[PDB]
Structure formats: C-alpha cells, structure tokens
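One structure is given below, encoded as structure tokens.
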Amino acid sequence: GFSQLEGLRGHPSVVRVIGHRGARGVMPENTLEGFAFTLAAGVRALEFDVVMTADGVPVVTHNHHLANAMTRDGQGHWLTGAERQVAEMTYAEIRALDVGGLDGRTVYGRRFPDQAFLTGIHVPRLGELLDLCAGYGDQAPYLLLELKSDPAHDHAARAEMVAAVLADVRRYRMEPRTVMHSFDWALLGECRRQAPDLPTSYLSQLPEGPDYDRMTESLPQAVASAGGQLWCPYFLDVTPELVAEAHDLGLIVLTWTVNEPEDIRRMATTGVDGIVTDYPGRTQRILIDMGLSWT
Amino acid sequence: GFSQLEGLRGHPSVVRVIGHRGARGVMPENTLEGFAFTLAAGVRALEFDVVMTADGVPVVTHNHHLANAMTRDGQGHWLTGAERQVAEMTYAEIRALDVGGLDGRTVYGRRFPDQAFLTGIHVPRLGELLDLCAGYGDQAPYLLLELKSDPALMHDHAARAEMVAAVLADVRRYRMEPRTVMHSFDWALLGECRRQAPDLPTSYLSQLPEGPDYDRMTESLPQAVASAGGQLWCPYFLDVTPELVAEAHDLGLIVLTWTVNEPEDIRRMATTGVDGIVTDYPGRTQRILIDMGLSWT
Ligand SMILES: [Cl-]
Ligand SMILES: [Cl-]
Ligand SMILES: [Cl-]
Ligand SMILES: [Cl-]
Ligand SMILES: [Cl-]
Ligand SMILES: [Mg+2]
Ligand SMILES: [Mg+2]
Ligand SMILES: [Mg+2]
C-alpha cells in the first residue's frame, strides 16, 4: 500500500508524535532551525505549511499574509501596517524578512513566551526543508505537508500549486516520507490526480471542507469515501468511538494541536495513531509516563 | 585583562544569558545534544560541570554521584538503590549508562516536564564537549566550567591538584583558554586553579544556607571574593540585592546569578543590574530581555 503510513500508524502501546510547524513552543515556527531542533529531540514526523509566492516558489509558512507579530524587517523592526500577502510577494521580497522570533507584546507572541528569540532567520523554501530532510537518508522524518490554497476559486492556480509542491517532493526524492494534508478536500482530490502514490490526509474541525450541518455520513465515513488514508480531527472533536470507526474503515487518525498536559494524556487514551503538538518534549514525557512510546 | 570576561560582562543594554548545563529545561542536561541545541538557540555562553572518574577522566555531569532520576541501566531501566560514586567508576562503566532523559515519576523529573526524552545518550568527556565547542570557531561560546570536587578527596591535596591539571590539559588541548572561566563552590580549589592557570579567570559560587563560613565571616561575599582574587561572584538568585550587586561592581567584579527560571525572577534579576543570568530556560530568558528592550550580545 502506502509505505509513507508506516511512520504515522499507531499500535496498542505506540502513539506517534508529530511536531507542529517543527516545535512552535520551543523554536520559531516553520524555520529550518526549528525543524533541526525537532529532529534532534528525537521527533520522527514533522507537520508544516506550504504556500506559494507570486513567482511560483513553494515556501514554508502558515499564514497567507506575513503577520506583524512574527515578522521583522532588515532593520530588525517589527513590521507595521498592512499584512502583505505571500501570493503578491516574490520570494526575494520574502527572503529579506526575519521570522526568527515573536513580538512578546502581541496576543500571538504571548501564547509562546518560552520560544527562543533568534535573529536573521528566513522563511524557508520547501526545497530547502526537503533537502535537509533527505540528507538524513533512512532516518528522514515523515512529512505531514499542509497545503494551503490561496483563498483569494481558480482550478488552474490550484493545480499549479500542487504541481509546484510535487516538483519539489520529487526533486528531493521524498515521496517515501510525504503525506499531502489539507482542510481543502477538493485540493486533496487534485493531489490524488497528480500524485496517486502519495497518501492524502483530511483535516477537519467542527464549527463552534464538508458541510458539517448538512452531512449525513460521519466524518470518518466521508474521508474514507473521498479516498483519504488519514483523518485528522481537531482534538476537541475526538471520541474513542469515532477513532474506532475510522480504524474500522482502514484510516489512520492524527489529532491536533494538543499542548496542555491533561489534553495530551486524554488524547493518548482515545486510540489516536498520533498527536500533533507544539511541545514535542512535553508530549514524549507524558507518553513515557503512560507506558507508551512513539518509535 | 582577561579576554574571557568579554562574553560575561554586562553593560547598560546587555544582560548575558548563560545556558545552565546547556538548556536543562529543553534537553537532557550536560549532554552534547543539549549543548548543540543551546548554541542553535543563539546562546553564547554555557555552564556545565566537571567531575573526575576513577581512571582520571574529566567528565561532564553535575554531581560526584549519579542520580537515579536521570540515569538508566544497560537494559534501559531507571537505576534504583544507592547512588554510585563517580570517582569509584571507570569512564567505560559510566559510559554504559543512559543519561538521555529524566524519570517523570520523580521530584527532579517534575521540575523539567517539557524536556525532550532521548535514549542512547552517554555522559560525555570534557574533551568531547571542548571539541564540539572549538568547532564553532569564532562563534565558540564562553564557558563557565564548574569544577565539582568530591568531598572524599578533601584531605587528598595531590588528587585535588590532579583534577585541576587534568581539566586544564583538556582546555589547552582544544585551545579553549580564550573562552574558559574556572568556576566553583570549592574556593580553595579556585586558588589552585589560579596557581596552575593564572591566565584563566576564577568565578566564585555562593549560596546562603538561609565554601566560606557563612555564619562565621565578617566581610561581605563580594569583598571575600575580591580578596580571594576572583574575577566573578556568582550568587544564588535569592541571595541577590541591588546593593550587593553594586558593591560587587564597585570592587571590579562581574556578577552572574543562577539558576533563574521563573519569569518574575528573571525580570527582577535583570532590573538588579547583574551582568548575566544562568538559566535552565534560555528562550524564556531571551524573550524577557527583549521585552525589556535589552539583548545578550
Ligand atoms: Cl509521487
Ligand atoms: Cl494556532
Ligand atoms: Cl557574547
Ligand atoms: Cl522522587
Ligand atoms: Cl538543581
Ligand atoms: Mg498546519
Ligand atoms: Mg532601528
Ligand atoms: Mg553547575
């Protein structure tokens, strides 16, 4: 089947640990430095986000607009004013910016007060991250590659994005580690069209994507029927019964983004295959305490 | 004229950040893995501990006995029973153990619940740490090298001198003199360091019971340290007051306080005017300094 799933499939005593944006709680998110830390912490699977620049470069960042809370200019000053769209910026323009730390006077910055504060850190190209990962050979981590389609609907552009992402995955020969992951289920269908050998992972989050109000099948049922290999529900949306239903349909379930100790502990007991977390060490330690492992 | 002090001296815009055992809140303490992480997190100074094995190897571990909360046997199970004395073990025997994580059931484990949990990590030789540090070249960190004497040698003056010589042989082999500071609670040992290596500054740890006879002494800690010939005074943070810090600065000393982890303590120490803060949480400390408009370079 899909050998990429071997790093994400759980067992009775095994719950996988996936580093969210690398390890946002410890290092600046979606940075090569953060990803290197995460792998050095023994984490075997990484989640990260891919968006496209104006000049067709896949880059690793979560927001479609560069957030003032996260971004400094070449002078070292936090950006102010309009948050600029990644889609309207060339790579070169993005590269001049610094995403090495957070502004501790902002609500977002105050969420992650223990994160290191680095300077002169660039938004990476997807190719840079893949090249890094490929160098580790058989120890390359599993990649939950979150595709973020430009919300400003053009199928041509969406197909171009998927094609650009795949060109990088293939260039670095990361097919055996790569999972295409998204809230955009139509985009996942396009992933499957251009890359039938890469598994697809379906993100879900209940309100308060599918029409959560009108749908008559369960989320796991909908994912299986769409052709997905993974169902990734927000952790407040998980029950042991829903996990069991997904497993009966042959799906792998990874939940996110679980950071509080009581929430990690609770999720580990539900049977989820793995936990996406901003705090991989914290998660490792809770799993060990419960007699579980992640390798 | 000690060039090593350039990375430990503060100034109006700067409070130095010293990584305690690397970054014990994030990575297993006193490990090459944790030291590399610390340097990748932009920390420019490291504190770590050195103890002698039975076969005369300076190794990087915090105490003269091995703690059950951070040590696993050759099968992977936590040590139980009486602590083992490092001076009575060969380096090979020590190396057979695993120090890659902490036992989360324990008091000590609960102190650092977010530390990564690694397997297959052994206690490194001092030489290995110095090789790693020297590899960064001009970006090599400043080193606050804590000599941890074993009270069993307290009447073995030759053995104590041998410890100092062994540590220095390593420092010299890796050309780390320009970054090394000799640091200890054992003030007599610091006298021996100065005699064997007058080129390396000496740093005097203190911690009040509430070393010297804290109940008997009549001069201040800063005065006692300046009089002993030290360049740094490193008091435990609960013992620090701004008046004691200014008294120390007036005597020409650098003041590094330790081990400061809670946000309100980090902030209060920055405000006393200390030259630097030794912390288990360098990122937390960095963020508080940035919030205060300060930096660590
Ligand atoms: Cl493919
Ligand atoms: Cl978030
Ligand atoms: Cl420095
Ligand atoms: Cl205990
Ligand atoms: Cl301690
Ligand atoms: Mg994401
Ligand atoms: Mg300026
Ligand atoms: Mg120490």
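Quick note on naming: the chains in the structure tokens go A, B, ... in the order shown, residues restart at 1 in each chain, and ligands are numbered from 1 in order of appearance.
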_Expected selection as a VMD selection string for ligand 2 within 12 Å, only C-alpha atoms and all ligand atoms_ = chain A and resid 20 to 21 24 to 25 29 62 to 63 107 to 109 111 to 112 234 256 to 259 276 to 278
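Among all protein and nucleic acid residues, the ones that lie within 8 Å of ligand 8 when counting only C-alpha atoms and all ligand atoms are residues 20, 21, 47, 48, 49, 62, 145, 146 and 148 of chain B.
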*Just asking: which residues within region 13-149 of chain A are strand (DSSP E) according to DSSP, as a PyMOL selection string?*
chain A and resi 16-20+45-52+58-60+142-147
Write the residues you've just listed into a file as a PDB file, in the first residue's frame, and include N, CA and C atoms for each of them.
```
ATOM      1  N   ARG A  16       2.232   8.136  17.886  1.00  0.00           N
ATOM      2  CA  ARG A  16       3.227   8.922  17.205  1.00  0.00           C
ATOM      3  C   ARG A  16       3.191  10.377  17.682  1.00  0.00           C
ATOM      4  N   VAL A  17       4.356  11.026  17.624  1.00  0.00           N
ATOM      5  CA  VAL A  17       4.495  12.442  17.998  1.00  0.00           C
ATOM      6  C   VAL A  17       4.876  13.220  16.742  1.00  0.00           C
ATOM      7  N   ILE A  18       4.020  14.155  16.352  1.00  0.00           N
ATOM      8  CA  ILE A  18       4.244  14.983  15.187  1.00  0.00           C
ATOM      9  C   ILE A  18       4.509  16.408  15.625  1.00  0.00           C
ATOM     10  N   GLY A  19       5.636  16.957  15.175  1.00  0.00           N
ATOM     11  CA  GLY A  19       5.996  18.329  15.622  1.00  0.00           C
ATOM     12  C   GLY A  19       5.289  19.370  14.781  1.00  0.00           C
ATOM     13  N   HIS A  20       4.479  20.165  15.456  1.00  0.00           N
ATOM     14  CA  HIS A  20       3.656  21.160  14.778  1.00  0.00           C
ATOM     15  C   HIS A  20       4.493  22.358  14.326  1.00  0.00           C
ATOM     16  N   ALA A  45       8.378  12.772  12.901  1.00  0.00           N
ATOM     17  CA  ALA A  45       7.388  13.240  11.991  1.00  0.00           C
ATOM     18  C   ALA A  45       7.195  14.751  12.199  1.00  0.00           C
ATOM     19  N   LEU A  46       7.119  15.502  11.097  1.00  0.00           N
ATOM     20  CA  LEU A  46       7.003  16.941  11.117  1.00  0.00           C
ATOM     21  C   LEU A  46       5.739  17.358  10.403  1.00  0.00           C
ATOM     22  N   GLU A  47       5.020  18.320  10.964  1.00  0.00           N
ATOM     23  CA  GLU A  47       3.923  18.995  10.260  1.00  0.00           C
ATOM     24  C   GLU A  47       4.400  20.379   9.901  1.00  0.00           C
ATOM     25  N   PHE A  48       4.066  20.843   8.706  1.00  0.00           N
ATOM     26  CA  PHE A  48       4.443  22.218   8.314  1.00  0.00           C
ATOM     27  C   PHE A  48       3.516  22.623   7.156  1.00  0.00           C
ATOM     28  N   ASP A  49       3.514  23.908   6.851  1.00  0.00           N
ATOM     29  CA  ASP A  49       2.584  24.509   5.949  1.00  0.00           C
ATOM     30  C   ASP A  49       3.293  25.046   4.731  1.00  0.00           C
ATOM     31  N   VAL A  50       2.661  24.876   3.577  1.00  0.00           N
ATOM     32  CA  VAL A  50       3.262  25.346   2.281  1.00  0.00           C
ATOM     33  C   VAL A  50       2.285  26.288   1.617  1.00  0.00           C
ATOM     34  N   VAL A  51       2.809  27.435   1.185  1.00  0.00           N
ATOM     35  CA  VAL A  51       2.065  28.454   0.442  1.00  0.00           C
ATOM     36  C   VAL A  51       2.921  28.822  -0.765  1.00  0.00           C
ATOM     37  N   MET A  52       2.308  29.464  -1.746  1.00  0.00           N
ATOM     38  CA  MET A  52       3.037  29.901  -2.940  1.00  0.00           C
ATOM     39  C   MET A  52       3.314  31.392  -2.964  1.00  0.00           C
ATOM     40  N   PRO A  58       7.269  27.394  -3.836  1.00  0.00           N
ATOM     41  CA  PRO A  58       6.635  26.955  -2.600  1.00  0.00           C
ATOM     42  C   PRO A  58       7.482  27.310  -1.387  1.00  0.00           C
ATOM     43  N   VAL A  59       6.892  27.974  -0.382  1.00  0.00           N
ATOM     44  CA  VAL A  59       7.587  28.393   0.822  1.00  0.00           C
ATOM     45  C   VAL A  59       6.877  27.850   2.038  1.00  0.00           C
ATOM     46  N   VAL A  60       7.611  27.766   3.120  1.00  0.00           N
ATOM     47  CA  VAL A  60       7.095  27.141   4.350  1.00  0.00           C
ATOM     48  C   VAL A  60       6.656  28.212   5.348  1.00  0.00           C
ATOM     49  N   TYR A 142       8.973  11.605   8.645  1.00  0.00           N
ATOM     50  CA  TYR A 142       7.725  11.591   7.896  1.00  0.00           C
ATOM     51  C   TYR A 142       7.239  13.039   7.855  1.00  0.00           C
ATOM     52  N   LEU A 143       6.669  13.424   6.722  1.00  0.00           N
ATOM     53  CA  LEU A 143       6.236  14.810   6.482  1.00  0.00           C
ATOM     54  C   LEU A 143       4.729  14.910   6.299  1.00  0.00           C
ATOM     55  N   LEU A 144       4.058  15.679   7.161  1.00  0.00           N
ATOM     56  CA  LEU A 144       2.634  15.989   7.006  1.00  0.00           C
ATOM     57  C   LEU A 144       2.655  17.380   6.402  1.00  0.00           C
ATOM     58  N   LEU A 145       2.576  17.423   5.075  1.00  0.00           N
ATOM     59  CA  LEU A 145       2.780  18.635   4.287  1.00  0.00           C
ATOM     60  C   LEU A 145       1.425  19.292   4.099  1.00  0.00           C
ATOM     61  N   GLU A 146       1.178  20.361   4.847  1.00  0.00           N
ATOM     62  CA  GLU A 146      -0.132  21.006   4.758  1.00  0.00           C
ATOM     63  C   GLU A 146      -0.213  21.989   3.628  1.00  0.00           C
ATOM     64  N   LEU A 147      -1.072  21.685   2.678  1.00  0.00           N
ATOM     65  CA  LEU A 147      -1.287  22.555   1.507  1.00  0.00           C
ATOM     66  C   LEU A 147      -2.336  23.516   1.844  1.00  0.00           C
TER      67      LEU A 147
END
```
*asked:* Please return as a PyMOL selection string the residues found within 10 Å of ligand 5, counting only C-alpha atoms and all ligand atoms.
replied: chain B and resi 20+24+62+108+111+258-259+280
Write a file of the just-selected residues containing N, CA and C atoms, as a PDB file, in the first residue's frame.
```pdb
ATOM      1  N   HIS B  20      22.248  26.915  31.474  1.00  0.00           N
ATOM      2  CA  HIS B  20      22.575  26.030  32.612  1.00  0.00           C
ATOM      3  C   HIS B  20      22.602  24.550  32.171  1.00  0.00           C
ATOM      4  N   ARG B  24      18.782  22.696  30.361  1.00  0.00           N
ATOM      5  CA  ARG B  24      18.146  21.618  31.089  1.00  0.00           C
ATOM      6  C   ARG B  24      16.617  21.631  31.010  1.00  0.00           C
ATOM      7  N   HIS B  62      26.718  16.611  36.652  1.00  0.00           N
ATOM      8  CA  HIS B  62      26.513  17.653  37.645  1.00  0.00           C
ATOM      9  C   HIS B  62      26.954  17.350  39.036  1.00  0.00           C
ATOM     10  N   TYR B 108      12.642  15.431  40.678  1.00  0.00           N
ATOM     11  CA  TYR B 108      13.509  16.101  39.749  1.00  0.00           C
ATOM     12  C   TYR B 108      12.889  16.114  38.364  1.00  0.00           C
ATOM     13  N   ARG B 111      10.323  18.759  37.871  1.00  0.00           N
ATOM     14  CA  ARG B 111      10.856  20.115  37.743  1.00  0.00           C
ATOM     15  C   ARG B 111      10.961  20.493  36.265  1.00  0.00           C
ATOM     16  N   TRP B 258      22.279  32.725  39.358  1.00  0.00           N
ATOM     17  CA  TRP B 258      21.841  31.384  38.960  1.00  0.00           C
ATOM     18  C   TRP B 258      20.876  30.803  39.960  1.00  0.00           C
ATOM     19  N   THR B 259      20.011  29.833  39.613  1.00  0.00           N
ATOM     20  CA  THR B 259      19.635  29.362  38.279  1.00  0.00           C
ATOM     21  C   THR B 259      18.211  29.961  38.177  1.00  0.00           C
ATOM     22  N   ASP B 280      17.925  27.567  33.155  1.00  0.00           N
ATOM     23  CA  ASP B 280      17.503  26.334  32.524  1.00  0.00           C
ATOM     24  C   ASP B 280      16.627  26.543  31.268  1.00  0.00           C
TER      25      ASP B 280
END
```
_Any residue with an atom at most 9 Å from ligand 3 counts, using only C-alpha atoms and all ligand atoms. Which are they? Put them as a ChimeraX atom specification._
/B:6-9,16-17,43-45,139,141-142,296-297
_Can you pull out every residue with an atom within 12 Å of ligand 1? Use only C-alpha atoms and all ligand atoms and format it as a PyMOL selection string._
chain A and resi 2+4+162-163+165-180+191-200
Distance cut-off 12 Å, counting only C-alpha atoms - which residues of chain B neighbour chain A? Return them as a PDB file with C-alpha atoms, in the first residue's frame.
```
ATOM      1  CA  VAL B  17      22.368  34.590  29.029  1.00  0.00           C
ATOM      2  CA  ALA B  23      19.367  24.020  28.422  1.00  0.00           C
ATOM      3  CA  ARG B  24      18.146  21.618  31.089  1.00  0.00           C
ATOM      4  CA  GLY B  25      14.520  22.778  30.695  1.00  0.00           C
ATOM      5  CA  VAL B  26      14.543  21.742  26.988  1.00  0.00           C
ATOM      6  CA  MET B  27      17.145  18.986  26.529  1.00  0.00           C
ATOM      7  CA  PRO B  28      18.817  16.400  28.792  1.00  0.00           C
ATOM      8  CA  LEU B  32      26.473  17.121  23.693  1.00  0.00           C
ATOM      9  CA  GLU B  33      22.969  17.076  22.187  1.00  0.00           C
ATOM     10  CA  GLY B  34      21.725  19.682  24.644  1.00  0.00           C
ATOM     11  CA  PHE B  35      24.814  21.850  24.157  1.00  0.00           C
ATOM     12  CA  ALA B  36      24.342  21.899  20.408  1.00  0.00           C
ATOM     13  CA  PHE B  37      20.699  22.795  20.838  1.00  0.00           C
ATOM     14  CA  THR B  38      21.700  25.647  23.231  1.00  0.00           C
ATOM     15  CA  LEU B  39      24.076  27.084  20.693  1.00  0.00           C
ATOM     16  CA  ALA B  40      21.493  26.752  17.908  1.00  0.00           C
ATOM     17  CA  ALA B  41      19.083  28.702  20.057  1.00  0.00           C
ATOM     18  CA  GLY B  42      21.594  31.671  19.950  1.00  0.00           C
ATOM     19  CA  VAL B  43      23.004  31.267  23.420  1.00  0.00           C
ATOM     20  CA  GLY B 100      19.229  10.978  27.739  1.00  0.00           C
ATOM     21  CA  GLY B 101      16.194  11.853  29.805  1.00  0.00           C
ATOM     22  CA  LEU B 102      14.564  12.193  33.119  1.00  0.00           C
ATOM     23  CA  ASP B 103      12.214   9.912  35.100  1.00  0.00           C
ATOM     24  CA  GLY B 104       8.898  11.792  35.062  1.00  0.00           C
ATOM     25  CA  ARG B 105       7.755   9.997  38.304  1.00  0.00           C
ATOM     26  CA  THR B 106      10.328  11.810  40.321  1.00  0.00           C
ATOM     27  CA  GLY B 109      11.620  14.944  36.630  1.00  0.00           C
ATOM     28  CA  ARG B 110       8.613  17.046  37.599  1.00  0.00           C
ATOM     29  CA  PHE B 112      11.538  19.765  33.961  1.00  0.00           C
ATOM     30  CA  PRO B 113       8.381  18.181  32.462  1.00  0.00           C
ATOM     31  CA  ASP B 114       8.923  19.559  28.985  1.00  0.00           C
ATOM     32  CA  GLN B 115      12.453  18.278  28.445  1.00  0.00           C
ATOM     33  CA  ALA B 116      12.859  16.021  25.431  1.00  0.00           C
ATOM     34  CA  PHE B 117      13.277  12.341  26.206  1.00  0.00           C
ATOM     35  CA  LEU B 118      16.231  10.824  24.427  1.00  0.00           C
ATOM     36  CA  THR B 119      17.669   7.274  24.517  1.00  0.00           C
ATOM     37  CA  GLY B 120      21.239   6.178  23.844  1.00  0.00           C
ATOM     38  CA  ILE B 121      22.905   9.268  25.305  1.00  0.00           C
ATOM     39  CA  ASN B 261      13.782  30.243  35.657  1.00  0.00           C
ATOM     40  CA  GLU B 262      10.521  31.882  36.732  1.00  0.00           C
ATOM     41  CA  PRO B 263       9.547  34.939  34.692  1.00  0.00           C
ATOM     42  CA  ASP B 280      17.503  26.334  32.524  1.00  0.00           C
ATOM     43  CA  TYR B 281      15.208  28.164  30.014  1.00  0.00           C
ATOM     44  CA  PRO B 282      17.293  30.319  27.672  1.00  0.00           C
ATOM     45  CA  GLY B 283      14.421  31.108  25.273  1.00  0.00           C
ATOM     46  CA  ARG B 284      12.198  32.270  28.159  1.00  0.00           C
ATOM     47  CA  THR B 285      15.072  34.450  29.382  1.00  0.00           C
ATOM     48  CA  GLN B 286      15.784  35.843  25.912  1.00  0.00           C
ATOM     49  CA  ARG B 287      12.120  36.797  25.481  1.00  0.00           C
ATOM     50  CA  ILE B 288      12.012  38.634  28.813  1.00  0.00           C
ATOM     51  CA  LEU B 289      15.215  40.533  27.923  1.00  0.00           C
ATOM     52  CA  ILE B 290      13.765  41.501  24.546  1.00  0.00           C
ATOM     53  CA  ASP B 291      10.526  42.593  26.250  1.00  0.00           C
ATOM     54  CA  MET B 292      12.734  44.836  28.477  1.00  0.00           C
ATOM     55  CA  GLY B 293      14.496  46.315  25.456  1.00  0.00           C
ATOM     56  CA  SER B 295      19.871  41.989  24.443  1.00  0.00           C
ATOM     57  CA  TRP B 296      22.537  39.372  25.312  1.00  0.00           C
ATOM     58  CA  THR B 297      25.059  40.403  22.706  1.00  0.00           C
TER      59      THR B 297
END
```
*Which residues form the shell of 10 Å around ligand 7 when you count only C-alpha atoms and all ligand atoms, given as a ChimeraX atom specification?*
/A:73-78
